[PDB]
Amino acid sequence: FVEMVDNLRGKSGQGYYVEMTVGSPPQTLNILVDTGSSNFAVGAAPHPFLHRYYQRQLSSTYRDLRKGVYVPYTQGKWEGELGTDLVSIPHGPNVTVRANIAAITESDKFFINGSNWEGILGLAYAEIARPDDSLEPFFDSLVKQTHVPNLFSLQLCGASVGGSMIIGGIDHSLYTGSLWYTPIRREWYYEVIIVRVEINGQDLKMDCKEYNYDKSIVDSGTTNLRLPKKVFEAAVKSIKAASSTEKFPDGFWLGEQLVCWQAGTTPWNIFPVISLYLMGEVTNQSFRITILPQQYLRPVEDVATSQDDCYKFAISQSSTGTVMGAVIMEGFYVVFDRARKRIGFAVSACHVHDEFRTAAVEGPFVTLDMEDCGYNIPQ
Ligand SMILES: C[C@@]1(c2cccc(NC(=O)c3ccc(Br)cn3)c2)COCC(N)=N1
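Residues numbered from 1 in each chain as written, not as in the entry; some residues may be left out. Heavy atoms only, no water.

Structure determination for the deposited model, as stated in its record, used X-ray crystallography, and the stated resolution is 1.5400 Å.

Below is the structure:
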């Protein structure tokens with residue numbers, strides 16, 4: 001695994017990517033690591049924001065599947081053609097596999113200027129693959145063709161950013177303390193269950209099904225912690241109360257505006273810690289992961305504003321359920337244990353902390369109320 005350490009790069013707020021090769025002879029591309037989708041999709045035609053792209057005419061091993069694919073997102077969309085080809089991860093496991101590839105021929109608001117990635121590696125399950133669940137995702141092909149163990153782990157390290165994707169195992173050098181596991185509720189997204197939320201120690205006191213309306217997922221391809229409307233409004237109220245010694249524009253709380261302080265003077269202590277309690281592997285047991293403001297107040301690098309440190313509020317409202325994005329994942333080592341249908345969390349070797357508070361993963365906690373917190377009926 002040591003050879004896989006530090007194999008992720010990126011720019012803050014732009015996405016963590018890993019180097020891959022496609023085709024024969026191999027064409028190198030940087031690929032966004034995305035646990036919230038299930039297609040391997042790469043730019044395959046020129047684009048102003050792309051420095052390079054997949055040139056299929058140069059790959060003898062490309063096979064056309066003679067099928068188009070159209071993928072709209074809330075923001076942005078792309079269109080392309082399906083095929084298969086040989087794929088490798090130079091700083092991953094030492095194998096080459098044949099995998100499905102969506103060649104992106106047209107796109108809108110998909111590629112990001114200066115992000116330095118040219119495609120996306122969807123690491124979730126076939127159920128949410130496009131055009132449908134018959135298109136085998138990359139990691140499924142990897143496991144079937146190489147018998148590398150059916151799990152991977154992600155260590156995303158915040159501020160240029162970096163990290164590690166360990167394919168096929170767990171690297172103990174990347175975390176401290178204990179690994180705590182929460183069950184994968186359903187294999188489509190990496191869906192999990194949140195059973196309690198506290199902000200600076202104070203329970204939001206909602207029916208726990210609200211936390212998972214209509215699902216909660218772990219998503220390396222989303223920046224923010226995204227929360228259902230009801231939970232979001234409660235969270236903002238609590239954070240506002242905690243930080244009330246300073247008043248910020250409403251635009252800040254909507255993520256429409258930055259807040260800035262003179263470089264080095266950010267008042268971290270007036271912002272509360274957020275604790276997310278995740279369902280444990282035993283009935284009505286849970287553990288919590290705790291989030292510092294250094295995680296949910298994201299610095300926006302800009303030379304023009306650099307007399308100051310300026311931040312975006314990286315918690316936002318969702319109508320599609322909770323998303324535990326990078327602001328949650330950064331500073332933790334997150335194990336996607338597909339074989340045992342569970343997600344593990346531990347404190348990352350590259351964790352967030354000032355001299356007063358430290359991000360944590362800890363437990364066990366017990367709850368009397370026997371209610372299932374899943375928004376849908378369990379199976
Ligand atoms: C396919 C989809 C998608 C499409 C295009 C770009 C992205 N991600 C990013 O640009 C990005 C930026 C910063 C950080 Br930290 C993580 N990711 C994600 C749709 O949105 C949800 C999802 N998980 N994947």
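## Details of the site of the ligand
Taken together, 18 residues are adjacent to the ligand, and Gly15, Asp34, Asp219, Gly221 and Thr223 come closest. The side chain of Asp34 places a nitrogen or oxygen atom 2.7 Å from a nitrogen atom of the ligand. At 2.8 Å from a nitrogen atom of the ligand is found a side-chain nitrogen or oxygen belonging to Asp219. If the ligand stood free it would expose 550 Å²; the protein chains cover 84% of that surface. Split into classes, the residues belonging to the shell around the ligand amount to 7 nonpolar, 9 polar and 2 charged. Formed jointly, the shell around the ligand draws a minimum of three residues from each of two domains, domain 1 (16-148) and domain 2 (149-379). (Near = heavy atom within 4 Å. Polar contact = N/O pair within 3.5 Å; in protein donor to acceptor, adjacent residues only side chain to side chain. Areas by Shrake-Rupley, 256 points an atom, 1.4 Å probe, with all protein chains shown as cover. Nonpolar A, V, L, I, M, F, W, Y, C, P; charged D, E, K, R; others polar. Domains from an automatic or database assignment.)

## Considerations on the pattern of salt bridges
Oppositely charged side chains can pair when the atoms bearing their charge come close. Following the criterion strictly, the structure yields 13 salt bridges and no others. Between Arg186 and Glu127 there is a salt bridge, with the nearest N and O atoms lying 2.6 Å from each other. By relative accessible area, which is 35% here, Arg186 ends up partly exposed. Taking relative accessible area as the criterion, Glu127 reaches 41% and is therefore assigned partly exposed. A salt bridge links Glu281 to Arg342; the nearest nitrogen and oxygen atoms lie 2.9 Å apart. Of this pair, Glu281 sits in the loop between β18 (274-279) and β19 (285-291) while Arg342 is found in strand β25 (residues 342-348), placing the two residues 61 residues apart along the sequence. (Salt bridge = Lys/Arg side-chain N within 4 Å of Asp/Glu carboxyl O. Buried < 20%, exposed > 50% of the residue type's maximum accessible area, 1.4 Å probe, protein only. Helix = DSSP H or I, 4+ residues; strand = E, 2+ residues; numbered from the N terminus.)

## A word on the packing of aromatic side chains
The geometry of an aromatic ring pair is captured by two quantities: the separation of the ring centres and the angle between the planes. This model, assessed by the stated rule, comprises 29 aromatic pairs. Each ring, one from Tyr296 and one from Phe313, has its centre 6.4 Å from the other, and the planes form 90 degrees; the classification is edge-to-face. Here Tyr296, found in helix α4 (residues 293-296), pairs with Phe313, found in strand β21 (residues 308-313); they are 17 residues apart in sequence, far enough to count as distant. By relative accessible area, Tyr296 is classed as buried at 1%. Taken together, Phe248, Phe252, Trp253, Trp261, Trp268, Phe271, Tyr296, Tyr311 and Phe313 form an aromatic cluster joined through their ring pairs. Directly above the ring of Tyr181 sits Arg342, whose terminal nitrogen or CZ lies 3.6 Å from the centroid. (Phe/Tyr/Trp six-rings, centres within 6.5 Å; stacked < 30°, edge-to-face > 60°. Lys NZ or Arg CZ within 6 Å of the ring centre and 35° of its normal.)

## Topic: the UniProt feature "active site" in the protein
UniProt's feature table lists "active site" at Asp34 and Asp219, given in the numbering used throughout. Secondary-structure assignment places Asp34 in strand β3 (residues 27-34). With residues up to four places along the chain from it excluded, the contact list for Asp34 reads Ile120, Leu121, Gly122, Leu123, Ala124, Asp219, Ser220 and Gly221. Structurally, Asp219 is set in the loop between β15 (216-218) and β16 (225-228). Judged by its relative accessible area of 6%, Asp219 is buried. When residues no more than four places from it in sequence are discounted, the contact partners of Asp219 are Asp34, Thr35, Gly36, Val323, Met324, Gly325, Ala326 and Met329. Of the polar contacts made by the side chain of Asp219, one reaches the backbone nitrogen of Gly221; its length is 2.8 Å. (UniProt positions renumbered as here; feature names shortened; annotations may be inferred. Contact = heavy atoms within 4.5 Å.)

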